[PDB]
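**Q** Got a structure for you, written out below as structure tokens; questions coming shortly.
Any read-out appearing in this document is the output of simple, stated calculations on the displayed coordinates, not a laboratory observation. Cβ coordinates were reconstructed from backbone atoms using ideal geometry, including for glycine residues, and neighbour counts include every protein chain displayed.
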Amino acid sequence: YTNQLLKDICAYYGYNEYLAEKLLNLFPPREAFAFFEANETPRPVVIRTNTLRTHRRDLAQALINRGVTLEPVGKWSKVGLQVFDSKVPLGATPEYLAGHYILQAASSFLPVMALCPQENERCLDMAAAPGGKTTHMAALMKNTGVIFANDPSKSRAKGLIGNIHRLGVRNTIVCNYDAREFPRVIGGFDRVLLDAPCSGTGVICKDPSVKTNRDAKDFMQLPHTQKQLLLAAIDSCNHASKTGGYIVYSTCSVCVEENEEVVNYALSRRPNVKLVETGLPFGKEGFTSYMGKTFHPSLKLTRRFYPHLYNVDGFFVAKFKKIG
Amino acid sequence: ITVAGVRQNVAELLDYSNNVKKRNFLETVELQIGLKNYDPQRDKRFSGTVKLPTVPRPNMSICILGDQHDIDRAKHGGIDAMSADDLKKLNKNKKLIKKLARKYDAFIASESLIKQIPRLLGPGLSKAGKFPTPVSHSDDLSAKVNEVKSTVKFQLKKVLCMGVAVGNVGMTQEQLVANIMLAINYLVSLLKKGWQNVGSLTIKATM
RNA sequence: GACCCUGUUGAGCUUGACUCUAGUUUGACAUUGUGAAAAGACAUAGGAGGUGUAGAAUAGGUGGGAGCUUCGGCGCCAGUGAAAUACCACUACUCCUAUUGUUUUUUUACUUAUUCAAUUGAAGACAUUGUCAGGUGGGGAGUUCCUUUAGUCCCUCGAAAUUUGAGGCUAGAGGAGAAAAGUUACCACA
């Protein structure tokens, strides 16, 4: 029965009773079991090629010349390079120290290609804690425009400034601001980016505390904070521009309060937002209804990413357009 | 509201609607209340009880959660009374207690037993809108169940439409329109404003 | 020798005052129009939907209600579900269509604005301009409250199928001034 399944799953995987019940609900039973294998299982290691200093083939040749076993990953990315084995440590290679390549995950790739950053464009990132997304966006504008890096913690900022100035970005300013306050500071951007603080169920391999240390109270305040985070994104972008500018909503969680509910609240409160096809090559459509509540059918255009289908972390991507 | 309009529709209910439909169900009507611009997601949510001494529904599926000095009176009155061993059995199995919660339309609980109910089956039965009314120190089960029953719970939910079924065709017209008048007066008083706050009142039958 | 200290130099760490403002910057509103072509939004009037899971199932939702009943199909029930199907009663979103319109943009031109040569030609509705509402301000002019913690779970703004979060209020404890200062079981030198 279902109750025997919940008690057996919480015992053998060590989940909390609540979060196992929530994650069991959004999946068919055999699909849930295949998902519990993968999210606990460690994920493959992926490399983003700096387009500024090098490119895909000559970096690949260089790392094999240093003994690194690589493979171009997918037809999705012209920028991604999977690693399989490496005699030398990855951070030890002189290509890394110059900034020819940067350690990332797969889920850090796809919001950036969900965005379509162009040259001489003012852009943004409300949370750039590892700094991989910011360096990817600057790789697309070819060292032009301006990125406003933002992170509310000074400790993560030191790794940001270290990662940015190694990669040769020269166009980003980093501010230690709460991003709820950010449209009051400037506003008027083209392409804003948000990687909100989330529950972290999408990636348990990096953070195994979410197995138990995530309860009823945490599932109210945390999606509450994404809402004020997300309404600021529309209230900061431009309704019109010479090059049309779009919002991108990216969360590292598979939860349904964190994902597909916040975008319903945003598109209801602000009617000057539309959602169209998000440009990522694959994915799964969002659910139009989960627990008796209906979302607008624009969420069929949103893409959800899962550990069991793809060896990626759990992710949500959605892109917005501003009207007025 | 207009009392002449109330007489018009209860004459249109009985017996014009009885002649038009020839209802084969249990003959009862309901009142549906629609309101214009009261946001259910905001504050000042209302939940009150309407004391109706008419008992609009005679087929009222009643049971009690009784302690001592109630077994002999409930058995004489045809009321199912369960002792402390039975609630322990009804706490061991949760599927059976939910099924009879659908079967029995009201629960009456004593003072000491409602203190013993929130152990583990309290919140389990609380997720149904099944609040049990507590008894008083008079301990007269006769005519207190009649006063406890027919107490309409005017509860606000997140949908902008609300319905209450009272009134049968076997009772006199003067008593039922007094029930309708008392219900809409308590509904208006429980609301944030007066009669402006309601938008439409439908006192049509079920069939 | 370790080890302690003094001075200089690096690595820091904590500061380096308040009010208007130069500068600089975001948003909004105007000169700044006239056509065409499109596109979009809402204004009404029609048509049709809907498959997360499980449930036999393309379950909007909601009020009741247990055969309303043409066949006893559908019912009842049983499951299965957050929500259950019969029956009547209500009204939501989306996508189309229409005209029963208000519009807003983009593109294309023109100059009917605006800017230069000139002192009639070009650019051209772009800039540019000004006013409000902001951000910053190591600069210019004067001038000499916040931090840590708890409660009112009281008031305001948010969020949630009824409980939270952020501000307000209250109370236990702290306080010669951009030229430069205090500190380190730290570094190099003497």
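**Q** Against the definition (among the aliphatic types (A, V, I, L, M), over 24 Å from residue A:196 (Cα atoms) and surrounded by fewer than 16 Cβ atoms within 10 Å (Cβ to Cβ)), how does residue A:70 come out, yes or no?
**A** Details: among the aliphatic types (A, V, I, L, M): yes; over 24 Å from residue A:196 (Cα atoms): yes; surrounded by fewer than 16 Cβ atoms within 10 Å (Cβ to Cβ): no.
No.
**Q** Applying the selection to segment A:163-205, what residues are more than 16 Å from RNA strand C (Cβ to nearest atom) and either exposed (fewer than 13 other Cβ atoms within 10 Å of the Cβ) or of a type in the set (A, V, I, L, M) (or both)?
**A** A:164, A:167, A:169, A:170, A:193, A:194, A:203, A:204
**Q** Sticking with this structure for a sec: Give the residue that is nearest to the other protein chains (Cβ to nearest Cβ), with candidates limited to residues of segment A:110-150 that are out of contact with any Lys or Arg (no Cβ under 7 Å at 6 or more places or on another chain), crowded, with 23+ Cβ neighbours inside 10 Å and assigned to a loop (DSSP other than H, G, I, E, B).
**A** A:126
**Q** Would it be correct to say that residue B:40 is within 14 Å of RNA strand C (Cβ to nearest atom) and within 14 Å of chain A (Cβ to nearest Cβ)? Full working, then the answer.
**A** Working: within 14 Å of RNA strand C (Cβ to nearest atom): yes; within 14 Å of chain A (Cβ to nearest Cβ): yes.
Taking the combined requirement at face value, the residue satisfies it.
A quick yes/no check of all residues on (1) in contact with a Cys (Cβ under 9 Å, 6 or more places away or on another chain); (2) assigned to a loop (DSSP other than H, G, I, E, B); (3) surrounded by 11 or more Cβ atoms within 10 Å (Cβ to Cβ):
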residue	(1), (2), (3)
B:60	no, yes, yes
B:73	no, no, yes
B:85	no, no, no
B:102	no, no, no
B:123	no, no, no
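**Q** For the structure I just gave you, tell me whether residue A:83 is more than 20 Å from residue A:151 (Cα to Cα), hydrophobic (A, V, I, L, M, F, W, C), under 23 Å from the mean Cα position of the chain (by Cα) and not in a loop (DSSP other than H, G, I, E, B). Please lay out each step first, then the result.
**A** Working: more than 20 Å from residue A:151 (Cα to Cα): yes; hydrophobic (A, V, I, L, M, F, W, C): yes; under 23 Å from the mean Cα position of the chain (by Cα): yes; not in a loop (DSSP other than H, G, I, E, B): yes.
Yes.
**Q** Which of the residues that make up segment B:135-154 are surrounded by 13 or more Cβ atoms within 10 Å (Cβ to Cβ) and part of a strand (DSSP E or B)?
**A** The answer is B:151, B:152, B:154.
**Q** Separate question: Take residue B:142 and decide whether it is among the small types (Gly, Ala, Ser), within 30 Å of residue B:86 (Cα to Cα) and within 15 Å of RNA strand C (Cβ to nearest atom).
**A** On the way: among the small types (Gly, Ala, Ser): yes; within 30 Å of residue B:86 (Cα to Cα): yes; within 15 Å of RNA strand C (Cβ to nearest atom): no.
No; evaluated as a whole, the condition is false for this residue.
**Q** Still on this model: Identify all residues within segment B:5-37 that are free of Cβ contacts under 8 Å to residues at least 12 places away in the same chain, within 30 Å of residue B:192 (Cα to Cα) and within 13 Å of RNA strand C (Cβ to nearest atom); write none if there are none.
**A** B:37
**Q** Residues in segment B:73-88: is at least one more than 14 Å from chain A (Cβ to nearest Cβ) and closer than 30 Å to residue B:173 by Cβ?
**A** no
**Q** Further question: In a helix (DSSP H, G or I), charged (D, E, K, R) and more than 16 Å from RNA strand C (Cβ to nearest atom), is that true of residue A:71? Lay out the reasoning, then the answer.
**A** On the way: in a helix (DSSP H, G or I): no; charged (D, E, K, R): yes; more than 16 Å from RNA strand C (Cβ to nearest atom): yes.
No.
**Q** Residues being basic (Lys, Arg) and part of a helix (DSSP H, G or I): count how many of those fall in segment A:1-55. Write out each step before concluding.
**A** The first filter runs over segment A:1-55 and keeps only residues basic (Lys, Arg), leaving A:7, A:22, A:30, A:43, A:48, A:53.
Still in the running and part of a helix (DSSP H, G or I): A:7, A:22, A:30.
Residues meeting the conditions: 3.
**Q** Quick check: anything in segment A:296-306 more than 14 Å from chain B (Cβ to nearest Cβ), β-branched (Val, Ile, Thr) and either surrounded by 21 or more Cβ atoms within 10 Å (Cβ to Cβ) or within 12 Å of RNA strand C (Cβ to nearest atom) (or both)? Write out each step before concluding.
**A** Taking segment A:296-306 and keeping what is more than 14 Å from chain B (Cβ to nearest Cβ), we get A:296-306.
Cutting the leftovers down to β-branched (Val, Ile, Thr) gives us A:302.
Narrowing the set further to residues that are either surrounded by 21 or more Cβ atoms within 10 Å (Cβ to Cβ) or within 12 Å of RNA strand C (Cβ to nearest atom) (or both) leaves A:302.
Taking every residue of segment A:296-306 in turn, at least one turns out to be more than 14 Å from chain B (Cβ to nearest Cβ), β-branched (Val, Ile, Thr) and either surrounded by 21 or more Cβ atoms within 10 Å (Cβ to Cβ) or within 12 Å of RNA strand C (Cβ to nearest atom) (or both).
**Q** Check off (1) away from RNA strand C (no atom under 16 Å from the Cβ); (2) within 14 Å of another protein chain (Cβ to nearest Cβ) for residue B:157 and give me the number that stays unchecked.
**A** Answer for residue B:157: the failing condition is (1).
**Q** Under the condition of being within 11 Å of RNA strand C (Cβ to nearest atom) and touching a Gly at 6+ places or on another chain (Cβ under 7 Å), which residue from segment A:240-285 is farthest from the other protein chains (Cβ to nearest Cβ)?
**A** Among them, the one singled out is A:272.
**Q** Sticking with this one: Filter segment A:14-43 down to residues that are more than 16 Å from RNA strand C (Cβ to nearest atom) and surrounded by 14 or more Cβ atoms within 10 Å (Cβ to Cβ) and give me whichever is nearest to the other protein chains (Cβ to nearest Cβ).
**A** Per the stated criteria, the residue is A:16.
**Q** Got at least one residue in segment B:43-65 being more than 24 Å from the chain's Cα centre (by Cα) and either within 11 Å of RNA strand C (Cβ to nearest atom) or not aliphatic (A, V, I, L, M) (or both)? Steps first, answer last, please.
**A** If we filter segment B:43-65 for residues that are more than 24 Å from the chain's Cα centre (by Cα), which is where we start, we get B:43.
Subset that is either within 11 Å of RNA strand C (Cβ to nearest atom) or not aliphatic (A, V, I, L, M) (or both): B:43.
Among the residues of segment B:43-65, at least one is more than 24 Å from the chain's Cα centre (by Cα) and either within 11 Å of RNA strand C (Cβ to nearest atom) or not aliphatic (A, V, I, L, M) (or both), which makes the answer yes.
**Q** Taking the options B:199, B:122, B:167, B:163, name whichever one is at positive phi and either within 14 Å of chain A (Cβ to nearest Cβ) or within 14 Å of RNA strand C (Cβ to nearest atom) (or both).
**A** On the way: B:199 fails: at positive phi; B:122 fails: at positive phi; B:163 fails: at positive phi.
Checking each option against the conditions leaves just B:167.
**Q** Can I ask one more? Is there a residue being loosely packed, with under 12 Cβ neighbours inside 10 Å and of a type in the set (A, V, I, L, M, F, W, C) anywhere in segment A:50-57? Quick ask: steps written out before the conclusion?
**A** Restricting attention to segment A:50-57, the residues satisfying the condition of being loosely packed, with under 12 Cβ neighbours inside 10 Å are A:57.
If we keep only those that are of a type in the set (A, V, I, L, M, F, W, C) too, we end up with none.
No, segment A:50-57 contains no residue that is loosely packed, with under 12 Cβ neighbours inside 10 Å and of a type in the set (A, V, I, L, M, F, W, C).
**Q** Which count do you get for residues in segment A:168-197 that are touching a residue at least 60 places away in the same chain (Cβ under 8 Å), over 17 Å from residue A:320 (Cα atoms) and within 20 Å of the chain's Cα centre (by Cα)?
**A** Step one: list which residues in segment A:168-197 are touching a residue at least 60 places away in the same chain (Cβ under 8 Å), which gives A:168, A:188-197.
Next, from what is left, pick out any that are over 17 Å from residue A:320 (Cα atoms): A:168, A:197.
Among the residues that remain, those that are also within 20 Å of the chain's Cα centre (by Cα) are: A:197.
The total comes to 1.
**Q** Further question: Among the listed residues B:170, B:194, which satisfies the condition of being without any contact (Cβ under 8 Å) to a residue 24 or more places away in the chain, among the small types (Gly, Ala, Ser) and not in a helix (DSSP H, G or I)?
**A** B:194
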